[PDB]
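Just one chain follows, in the form deposited in one PDB entry, and it is written as structure tokens.
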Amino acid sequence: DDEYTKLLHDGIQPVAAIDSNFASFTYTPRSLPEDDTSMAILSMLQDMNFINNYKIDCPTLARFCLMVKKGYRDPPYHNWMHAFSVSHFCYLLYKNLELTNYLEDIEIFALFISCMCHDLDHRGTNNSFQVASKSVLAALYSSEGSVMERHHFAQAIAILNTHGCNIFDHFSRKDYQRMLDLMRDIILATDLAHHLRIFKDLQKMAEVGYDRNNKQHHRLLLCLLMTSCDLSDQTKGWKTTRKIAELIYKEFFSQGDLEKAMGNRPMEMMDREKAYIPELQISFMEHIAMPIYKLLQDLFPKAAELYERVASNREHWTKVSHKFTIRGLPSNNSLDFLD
């Protein structure tokens, strides 16, 4: 490809040159034209010193980036831009939060790689639709749970074992297999069921306080950080939140259409005739998003602004609620829609 040419010959742009605001929480990675994002991945890893630290071969890494990028389909939400903006938020965590005092470098490295790979080959439909619609993935995976996530992992593994893409094949067998373990745990942790299982443990962790010598704290923190990244679109301003809803509901309603055409009734939120958006968004923000970011703040006080921004985005939903009632006449002055 021609993308492959340019990445392999031009050089790794330093990070400041992408945007003077690039390492800030107020930065919106979705502003970056899709065509610059593989480059940026490279700059982020460079700026974290990983390329030098773990002695990664540059061409192999370039090839791996591109494979990961094209292993994403194009549903409205779960596409390469989602994956890039989740990896970018992992980068901010390392730059802003000083994870190094809580995590080994190999763990931080794995989180970042996992971020890029965590939704590989997503089709825009969720775990219950896979079962509900008895697909090959459910066939493969459904008896162990997390259908989509096991598929994401499996695709990551398939890219790694593609000639010239194995950015880890020079690690010791000990480090190589630690790296596969960590990616499997982290990708699996992106299922909301997983997160709901470990919630008390996370609360406990923040309650007793973080213990650097407790291996299980390392594991739990890794899971919290992955869910932080995966929800990071809710940490920017109202403009991002609104646009994120458009893309998320377009995907849910599409799946809902397909559930109706197969002869099931979709859940409310996936049904475009019943889904009432402000209320679903407010529920999501209150029950899932806010608690994840409150936990982040409990363990790294410099993460407080993330939480208040999420809270603040939930407030806007409430403020615009009323606009989903047609008062007066519709713009075209006709009750045509009513028929």
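Only residues modelled in both forms are compared. Position 1 is the first residue in the sequence shown; the rest follow in order. Take the two forms, find the largest set of C-alpha atoms that superpose within 1.5 Å, and that set is the rigid core.
Absent from the display: the form deposited in another entry. The rest refers to it.
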item: Comparing forms between this form and the one not shown after core superposition, the one residue of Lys134, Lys200, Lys243, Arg212 displaced by 2 Å or more at CA; value: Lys134
item: Core-aligned C-alpha movement of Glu149 between this form and the one not shown reaching 2 Å; value: yes
item: Did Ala275 shift 2 Å or more between this form and the one not shown, C-alpha, core superposed; value: yes
item: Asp121: Cα shift of 2 Å or greater between this form and the one not shown (core-aligned); value: yes
item: Sense of the change in Cα distance from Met148 to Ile187 in the other entry - at least 3 Å versus the shown form; value: farther
item: Closer or farther: C-alpha pair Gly145/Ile187 in the other entry, relative to this form, given a change of 3 Å or more; value: closer
item: Consecutive-residue runs (3+) with Cα displacement of 2 Å or more between this form and the one not shown, core aligned; value: 121-150, 258-262, 267-275
